[PDB]
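Here's a solo chain for you in structure tokens, the form solved without its partner chain.
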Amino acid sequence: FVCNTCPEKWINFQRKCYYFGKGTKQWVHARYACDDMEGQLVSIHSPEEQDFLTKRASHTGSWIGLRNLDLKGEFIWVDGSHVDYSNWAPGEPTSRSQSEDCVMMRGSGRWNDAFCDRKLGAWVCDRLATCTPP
């Protein structure tokens, strides 16, 4: 199984597909937009994945699938994975809320916290690529 097939308008990197969405959304609005396309807000687990994203990232900032929820007590991606790789901007993460912060990706690819009601013009989804039968 080679797994590099992505739907129309999505872009492959490794075994995932990515969608670079545009339009003004608060974090959960973006979450729902990804859900509706059978994806999820992007999870980022390596510098090579980040570099792929940075090259294609909106200049005015994008939601990604990371949040710091007080119930978890740490940053967790939408898929439940924990932060291993990080690409925080200088001085980040800086909490906005003490209970519920969302994370955005700047045009530079660097991350910062935001209130989840922040309106951003872009958002990135991911999903698994489909596989070619052997």
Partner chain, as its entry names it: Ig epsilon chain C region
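Positions refer to the first chain, counted from 1.
Only in words, not in the display: the form solved in complex with its partner chain, which the text now covers.
Among residues of the shown chain, residue 67 is one whose heavy atoms approach its partner chain to within 4.5 Å in the bound PDB entry. For residue 60, no non-hydrogen atom is located within 4.5 Å of its partner chain in the bound PDB entry, even though that partner is not displayed. Shown alone here, residue 106 lies farther than 4.5 Å from its partner chain in the bound PDB entry, counting heavy atoms only. Using a 4.5 Å cutoff between non-hydrogen atoms, residue 17 does not count as a contact of its partner chain in the bound PDB entry.
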